[PDB]
Amino acid sequence: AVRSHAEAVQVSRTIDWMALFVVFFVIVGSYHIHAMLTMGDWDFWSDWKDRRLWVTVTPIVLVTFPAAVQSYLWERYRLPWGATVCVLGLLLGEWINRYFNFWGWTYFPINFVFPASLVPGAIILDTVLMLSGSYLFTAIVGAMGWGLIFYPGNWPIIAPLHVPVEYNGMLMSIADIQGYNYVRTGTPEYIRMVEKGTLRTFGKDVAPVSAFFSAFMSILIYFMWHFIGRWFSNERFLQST
Amino acid sequence: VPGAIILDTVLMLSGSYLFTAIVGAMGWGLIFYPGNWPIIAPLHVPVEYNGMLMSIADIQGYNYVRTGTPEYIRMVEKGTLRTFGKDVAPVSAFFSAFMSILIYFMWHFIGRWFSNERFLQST
Amino acid sequence: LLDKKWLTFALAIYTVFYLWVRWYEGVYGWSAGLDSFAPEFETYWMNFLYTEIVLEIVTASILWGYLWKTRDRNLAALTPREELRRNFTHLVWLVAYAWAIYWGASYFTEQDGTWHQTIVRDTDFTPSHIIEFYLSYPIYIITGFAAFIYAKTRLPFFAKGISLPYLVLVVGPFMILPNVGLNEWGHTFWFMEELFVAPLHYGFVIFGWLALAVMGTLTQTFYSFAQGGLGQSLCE
Amino acid sequence: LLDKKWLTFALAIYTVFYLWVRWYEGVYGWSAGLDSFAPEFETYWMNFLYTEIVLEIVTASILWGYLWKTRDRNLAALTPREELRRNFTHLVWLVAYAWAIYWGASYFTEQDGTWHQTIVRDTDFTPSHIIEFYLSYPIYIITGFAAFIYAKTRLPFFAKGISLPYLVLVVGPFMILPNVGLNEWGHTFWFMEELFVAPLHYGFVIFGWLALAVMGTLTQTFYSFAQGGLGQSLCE
Amino acid sequence: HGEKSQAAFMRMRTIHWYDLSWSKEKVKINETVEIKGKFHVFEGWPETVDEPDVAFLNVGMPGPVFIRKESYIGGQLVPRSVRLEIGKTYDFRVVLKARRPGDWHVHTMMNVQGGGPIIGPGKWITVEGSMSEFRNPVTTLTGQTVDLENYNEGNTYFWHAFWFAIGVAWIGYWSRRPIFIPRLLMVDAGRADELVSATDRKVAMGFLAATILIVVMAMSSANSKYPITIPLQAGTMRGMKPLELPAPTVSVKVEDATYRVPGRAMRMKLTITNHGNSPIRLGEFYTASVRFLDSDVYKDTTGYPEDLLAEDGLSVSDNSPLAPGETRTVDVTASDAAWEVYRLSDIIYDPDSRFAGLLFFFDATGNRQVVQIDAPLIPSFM
Amino acid sequence: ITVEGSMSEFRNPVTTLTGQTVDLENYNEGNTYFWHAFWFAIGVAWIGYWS
Amino acid sequence: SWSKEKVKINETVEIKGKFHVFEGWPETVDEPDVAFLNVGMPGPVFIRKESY
Ligand SMILES: CCCCCCCCCCCC(=O)OC[C@H](COP(=O)(O)OCC[N+](C)(C)C)OC(=O)CCCCCCCCCCC
Ligand SMILES: CCCCCCCCCCCC(=O)OC[C@H](COP(=O)(O)OCC[N+](C)(C)C)OC(=O)CCCCCCCCCCC
Ligand SMILES: CCCCCCCCCCCC(=O)OC[C@H](COP(=O)(O)OCC[N+](C)(C)C)OC(=O)CCCCCCCCCCC
Ligand SMILES: CCCCCCCCCCCC(=O)OC[C@H](COP(=O)(O)OCC[N+](C)(C)C)OC(=O)CCCCCCCCCCC
Ligand SMILES: CCCCCCCCCCCC(=O)OC[C@H](COP(=O)(O)OCC[N+](C)(C)C)OC(=O)CCCCCCCCCCC
Ligand SMILES: CCCCCCCCCCCC(=O)OC[C@H](COP(=O)(O)OCC[N+](C)(C)C)OC(=O)CCCCCCCCCCC
Ligand SMILES: CCCCCCCCCCCC(=O)OC[C@H](COP(=O)(O)OCC[N+](C)(C)C)OC(=O)CCCCCCCCCCC
Ligand SMILES: CCCCCCCCCCCC(=O)OC[C@H](COP(=O)(O)OCC[N+](C)(C)C)OC(=O)CCCCCCCCCCC
Ligand SMILES: CCCCCCCCCC(=O)OC[C@H](COP(=O)(O)OCC[N+](C)(C)C)OC(=O)CCCCCCCCC
Ligand SMILES: CCCCCCCCCC(=O)OC[C@H](COP(=O)(O)OCC[N+](C)(C)C)OC(=O)CCCCCCCCC
Ligand SMILES: CCCCCCCCCC(=O)OC[C@H](COP(=O)(O)OCC[N+](C)(C)C)OC(=O)CCCCCCCCC
Ligand SMILES: CCCCCCCCCC(=O)OC[C@H](COP(=O)(O)OCC[N+](C)(C)C)OC(=O)CCCCCCCCC
Ligand SMILES: CCCCCC(=O)OC[C@H](COP(=O)(O)OCC[N+](C)(C)C)OC(=O)CCCCC
Ligand SMILES: CCCCCC(=O)OC[C@H](COP(=O)(O)OCC[N+](C)(C)C)OC(=O)CCCCC
Ligand SMILES: CCCCCC(=O)OC[C@H](COP(=O)(O)OCC[N+](C)(C)C)OC(=O)CCCCC
Ligand SMILES: CCCCCC(=O)OC[C@H](COP(=O)(O)OCC[N+](C)(C)C)OC(=O)CCCCC
Ligand SMILES: CCCCCCCCCC
Ligand SMILES: CCCCCCCCCC
Ligand SMILES: [Cu+2]
Ligand SMILES: [Cu+2]
Ligand SMILES: [Cu+2]
């Protein structure tokens, strides 16, 4: 089997690195598929990064994989970085595509096609789970924090793009001018699902209301995907397919 | 019948239900339109009908009056601006084959439940 | 010996081939590859499609058949050291599958997004899809099937039964390839737009979730690793 | 004796009655049966509705009550030959139920479709529905309930408990009759059209699925058949 | 480049682009090219295409090889989607600044909220120079001039790298110890309760508190700097001013229209009635980005794309001047290789064999009348 | 509106663009019957072989 | 215009005027295809006798 204690430790370390690679990149592929086909459109364009739809949708659909991977990793190994590894893998895949295809293949500027930041929410989810190991407490409080910290976490990046500009007689933010200038042949302006105002939009509340709705739906989605990951962690064998 | 035969033979050979749900359902979805083409092909001969181009089937629907079934109820291919080239039938066939995989997978377990032999002590 | 240098080749073959594919599509994306009815498109991308489909079918047949033919008949009389070696080889196969899954489901799929926001869709066989739907997806399908077959035919833990998490991890991502039918149908009949978050794309999302069965698969491989060569060291 | 000629009557009564019903509706479909406010419609179809509803209620009461009253109290002391005879009688009942289900859920329901594409709907009591919703559906409901009661009261296998597949097979198709409320509501408020594939009709679809419990019911009847008279011959 | 694939009948009856003009054919980096013209919304708008209640004037190009400096529909700038009325004629203008060297096929397109892209004629525009020379300066209402090519790039890179480093630090701190198999065995065999002990909990508390504090302080700092911000400006712009074209003095009735299968020609019979007081002559038939011209009547001098222009592709059986008040029936054949190159012959595959187009009648003085025609298009095989 | 005569006298001739005149009352009926009967016979043969 | 500024119980106050629908109707507001002429008041402190 194994020769000695030292060689067993070395073998276990090699297994650790290889399995970490396997987990990380399978998660990168699957999570990137899910993210880009559930929130990728807002993640592609700064003029899509708004206060209502982007803030509402991104945490809700992005808390899926962290919940499942947490429910597996913490339960089976006491490893409190399922959310962090999910978010980091998504960010790495997104950034590789943005740099080598969005800016490499086509020539959209990086300050126009940068992705959103999710590490603060992932860190909250992981720490709130390790401390007070309760999965219910995580689903209620950590998912709340994940939903709430999204927009403040991304504000230092997108704030300079919201400086008002008088552009040929019309008021536009810098992000609006970016979307106008850099032509997306397949993405006309009306496709932009952004905050457009309603007659029931009271005062200055679009971003906080969206953040709290996202936090509540993040509680719900975390609760569902905890059990989804529980099922995906099964070790059953089938006698016949 | 061609789709049914594919489904049955692909199931008996390689008794795997997963293999059936993937391959036999693919064939069931794909062979539908080619299986029906010898029947409906003669009805697609173009006709100049009072200045408008109509197929024979269109003229049948126009002539034989369905009082309860007006023309607009007809959910048929009407063209889009994203309909590229000559691909309507194959694209539809492949979408049908994929969704047939999904529906076969679901209804295999539905039938598994319907085959139960449980007894209830009280209704 | 145990873990040998097959891991380096497993990483390098995918990296080099996909870097060459990226170079090829960066060269022939525009300039014979924008217009789908030009003669040059047929020679630079339709020929690519035909060649890659034939090569994928041939490679899948050869690899799966060889793995199934060289299957271990006498799995009972297998030494623990050889079991450890085979477990490391299966881990190499899983590493290759993870790398292929990354390249297929992240890189070229979000690259399909760049193309599905920058140019007007002209056909179901644009360069982006040809490189993704018909090259990278079949490649990772082949790798996953090969890994499953190797586990079933060499590892006693994965023999005497089909592992449910392994089967889900191997087949669910495969279901994305027939799901292309929904993508094309949902782009020509449904949704006269280029929205990347449209419900026409949730088919990839649904079957992208099934790659989460890698967790059950990996705990199964950990148990297979820790059958005879579990210790000692660990838990002592 | 075993299987006797009750099977011939079971087929013939349904065939003859439904052939006469088809003749009646082919004669009075048009010509007193198109206009729902004409006096002749009241005498040729409303009277038909009233008569058939009363007769169905009376027949259901009489048949179910007789079957329940003549129930076998001493099921323990029943010879295997008599059990085989009763199993064959229950199979005859199931044949009658299948024939009635065919006539109700296929013939007259797709015939309702002919009418629901050829003439403008005038009421909830057109000839087609009267012949289907209030004649054929109650007829097959009566037959199914009678078959279930006979099985429960004569077959020891189906006694000492209510069979779940049998209950589903008997009740689910019955649920189509109260589902007529959704049909009329979905045709007057929803869907100002005659689309036969509208979601207003999925109620029949949902409860038409429950007839698939015939598979569990039939394997239960096979086990009841093969209790004492299983062999030998079979499996030897 | 995305056309020649859309249904021929859809291309024929969505939007008719005419009077198109391009200011330059070859430009240097940072130079401006202006595309002008008129587009007419067809009255018989196809039913599967939503009415242009929400439409966007887009540019068909392979990515940002140009930047859209300005775009106008009716003289006023249209950075957002607009509402167009079926049957109205609008004049447009798009200004592009060269950004990437190369030969680019620039199309003027319109995107509809429920029907997808309506691609107009495309013209090859050559860009010369280097992409490194491109500048996109913008002056904000706060009094600072920034270059949109690299503005905020460093800040974005810094913040993303910082948060990635934080996540990597967390994972690496937990990855210093053995990871998978010993921990799995410890959790399995009895209670684990040994793999997570202080100061691991202290490190987690520190990470959580530091993350929340850093997010709050970064938001506050990004509030102090850039104290004036506005939300993304969006919303469909109504009240697009259409052109007030005079009522045409030419009435044309289409009596059958046929095209040979296979073939490169389309033949139609027209009854032209000349009202007004000037003898007219048919000079051009435009169907779908393809202009069939009668060289004896009209010649193109606006540099229309050669692949879409048929200089003598329009033949009229009797193209003698039509006196006012006079009505005559002529056989009009529109024949060019473009009819097959752009797959207008693929209308036989379409589920609606109907065509629409523009006829241009010119008098002796040269002033022209635009009359619009549409009819069923009947293929002929025998 | 009163209609007199016999339904057997009704004709619905149609001339196609391919140069053939067909009666819409019975055009393609034989072909439809043949193909449906053939496929039904194939299915029945399968079931009977197993039966 | 308002007929009265101070009224007793059961007395009538009439509100008249003109309203113009803006041509540039905002896109997130549906066109007034179905509109109701309402009165903004804290509950039924008045009863709407008539509205034209
Ligand atoms: C430390 C203990 C005391 C503080 C406790 C918090 C009280 C509220 C503070 C408001 C601050 C502010 O800025 O107001 C709120 C600002 C608007 O402000 P405005 O434009 O001035 O609105 C003028 C009108 N007012 C004077 C009435 C505010 O946005 C919002 O509408 C945010 C609304 C969020 C709705 C969803 C909440 C879900 C909670 C879930 C709990 C589990
Ligand atoms: C563990 C949980 C940690 C959560 C950390 C929260 C950081 C605080 C951010 C300040 C928000 C702000 O400053 O105002 C709200 C702004 C929106 O502003 P805007 O509409 O874009 O205006 C633009 C002009 N700016 C730049 C000045 C804004 O941001 C948000 O919408 C996010 C609101 C979430 C705050 C909820 C906190 C309530 C306590 C949680 C109770 C259970
Ligand atoms: C379990 C629930 C516990 C509640 C704890 C609340 C702590 C609040 C901390 C300060 C946040 C702050 O000051 O920021 C809140 C910001 C204000 O946004 P703003 O005015 O648009 O702009 C920024 C203006 N600044 C820069 C001055 C902040 O966002 C919001 O509008 C959210 C406010 C509504 C919160 C409703 C919570 C209801 C709780 C009910 C408990 C019974
Ligand atoms: C034997 C090995 C080699 C062949 C392998 C197959 C390669 C493709 C052959 C195309 C033949 C043809 O006719 O083209 C395809 C014809 C259109 O043709 P067109 O009008 O000329 O299009 C002109 C433009 N082009 C030149 C780029 C084609 O319809 C289609 O769009 C069908 C599209 C189907 C989409 C869904 C597919 C789902 C697959 C799921 C897998 C599990
Ligand atoms: C076990 C699986 C068996 C499948 C048997 C398939 C028979 C082949 C039919 C030829 C199709 C054809 O000829 O072209 C496509 C035509 C559509 O043509 P149309 O638009 O109606 O044009 C009218 C003019 N016609 C009459 C010339 C057509 O039919 C179809 O849309 C069905 C497309 C399904 C074919 C998929 C096969 C790909 C291999 C499957 C790989 C996993
Ligand atoms: C899981 C099993 C996968 C099976 C599918 C594999 C697809 C391979 C590519 C298809 C090419 C095609 O079809 O095109 C054939 C191309 C067309 O280019 P050309 O016009 O000749 O220009 C000159 C060639 N350049 C433009 C490439 C320089 O030319 C060729 O002969 C060269 C193809 C080389 C492919 C092998 C190198 C891969 C990278 C090295 C690490 C492995
Ligand atoms: C597991 C997947 C294996 C794939 C096997 C493919 C075998 C093809 C057999 C010939 C079919 C044929 O020739 O017919 C296909 C017809 C062509 O239709 P058409 O051009 O409109 O008209 C009829 C013209 N004929 C009469 C000349 C045929 O339908 C289609 O458009 C479907 C073509 C797209 C198929 C995409 C498959 C992608 C596979 C990816 C693998 C990695
Ligand atoms: C599960 C329990 C089912 C219970 C419901 C049964 C419904 C029976 C039909 C209702 C008739 C009605 O209501 O109409 C009464 C009709 C009205 O026709 P008429 O104007 O008198 O013309 C002359 C009669 N012809 C038009 C029929 C010739 O006349 C009758 O008296 C005759 C009704 C005969 C019904 C019995 C024969 C059935 C076929 C033989 C095999 C069983
Ligand atoms: C009624 C609901 C109110 C909120 C309480 C929900 C928390 C329940 C979680 C739970 O089931 O217990 C798990 C751990 C058990 O650890 P113990 O060994 O009990 O540690 C006690 C000492 N401690 C106060 C530092 C924790 O205990 C903890 O989870 C941590 C307890 C400290 C509360 C703050 C932790 C959360 C930080 C965001
Ligand atoms: C990795 C996925 C690649 C595809 C393989 C999926 C098939 C798996 C089905 C399965 O679980 O096994 C069931 C049977 C077992 O029969 P065996 O007794 O193994 O017969 C072996 C001899 N044979 C090659 C003629 C079959 O074996 C078969 O199912 C038939 C095996 C022959 C393959 C072709 C059959 C399908 C025809 C369409
Ligand atoms: C369309 C979707 C399918 C519908 C049917 C769902 C069936 C789910 C199971 C179920 O209902 O449980 C049965 C019990 C009543 O039987 P019980 O008294 O639990 O039987 C005791 C013996 N047993 C433990 C071996 C079962 O349930 C009850 O408590 C009473 C309700 C019985 C419903 C089943 C009959 C439906 C006939 C159509
Ligand atoms: C997206 C939602 C999740 C999809 C998967 C649902 C799985 C539900 C459970 C299931 O399918 O049951 C397994 C059986 C076939 O295995 P069996 O022959 O029952 O295995 C015998 C041993 N065992 C009793 C310990 C399990 O099932 C069958 O009868 C054949 C179908 C097998 C499906 C599972 C493999 C899917 C791979 C992607
Ligand atoms: C982990 C995924 C790495 C993806 C990197 C990639 O797509 O590389 C292509 C891109 C292409 O840009 P560039 O390097 O400038 O070379 C251009 C060549 N073409 C146009 C053929 C891609 O940059 C490189 O080739 C850098 C090599 C990285 C090795 C891991
Ligand atoms: C899990 C959430 C699914 C929600 C589906 C959705 O967002 O659909 C939007 C679409 C509304 O169409 P719209 O977004 O207006 O599409 C505009 C573009 N066209 C008109 C070309 C489709 O509704 C449907 O057509 C029904 C979808 C059924 C889902 C099982
Ligand atoms: C397995 C279901 C059989 C359904 C046959 C049917 O509906 O028959 C009525 C139809 C009526 O057409 P026809 O025979 O011309 O007689 C017309 C009499 N009316 C108008 C009353 C139906 O044809 C017959 O009566 C043939 C007898 C078949 C016996 C199984
Ligand atoms: C399992 C799929 C169910 C999809 C439902 C559907 O197709 O509904 C179409 C209908 C759209 O109405 P439409 O087809 O335009 O009806 C045209 C005719 N009128 C206006 C008279 C109803 O949508 C609804 O009203 C909501 C249906 C809720 C289903 C639980
Ligand atoms: C919607 C979430 C349902 C997840 C299914 C988990 C089933 C576990 C059974 C062991
Ligand atoms: C949607 C398909 C679900 C089928 C239910 C089967 C349950 C089986 C439990 C024994
Ligand atoms: Cu072009
Ligand atoms: Cu026009
Ligand atoms: Cu006004």
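Here is how names work: the chains are called A, B, and so on, in the same order as the sequence lines, proteins then strands, and each is numbered from 1. No hydrogens, no waters, no symmetry mates; every other heavy atom, side chains included, goes into these values. Atoms within a ligand are numbered from 1 in the order they appear, just like the ligands themselves.
Under the 4.0 angstrom criterion, atom 7 (C) of ligand 17 counts as having a protein heavy-atom contact.
Under the 3.5 Å distance criterion, with hydrogens and angles disregarded, no donor-acceptor pair is assigned to the side chains of D:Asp112 and D:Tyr107. With hydrogens and angles left out, the side-chain atoms of C:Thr143 and C:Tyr14 include a donor and acceptor closer than 3.5 Å.
Minimum heavy-atom separation, C:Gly208 to A:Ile33: CA-CG2, 4.2 Å. Closest approach of A:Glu235 and C:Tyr223 over heavy atoms only: OE1-CE1, 3.1 Å.
Taking atom 10 (C) of ligand 17 as the reference point, the nearest protein heavy-atom neighbour is A:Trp231 CD1, 4.3 Å. The protein atom (non-hydrogen) at minimum distance from atom 1 (C) of ligand 17 is A:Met224 CG, 4.0 Å. In terms of protein heavy-atom proximity, atom 2 (C) of ligand 17 is nearest to A:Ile228 CG1, 3.9 Å.
Within the 3.5 Å criterion, the main-chain N or O of C:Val205 finds a donor-acceptor partner in the side chain of C:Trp209. At distances below 3.5 Å, not a single donor-acceptor pair connects side-chain atoms of D:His129 with backbone N or O atoms of D:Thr123.
At a heavy-atom cutoff of 4.0 Å, ligand 6 is surrounded by C:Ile13, C:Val16, C:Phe17, C:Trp20, C:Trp23, C:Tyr24, C:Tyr28, C:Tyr44, C:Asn47, C:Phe48, C:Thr51, C:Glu52, C:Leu55, C:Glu56, C:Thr59, C:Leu135, C:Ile139, C:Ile142.
Ring centroids of C:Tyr137 and C:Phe108 are separated by 6.0 Å or more, keeping the two rings apart.
Residues B:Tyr17 and B:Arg112 meet the side-chain proximity criterion, which asks for heavy atoms closer than 4.5 Å.
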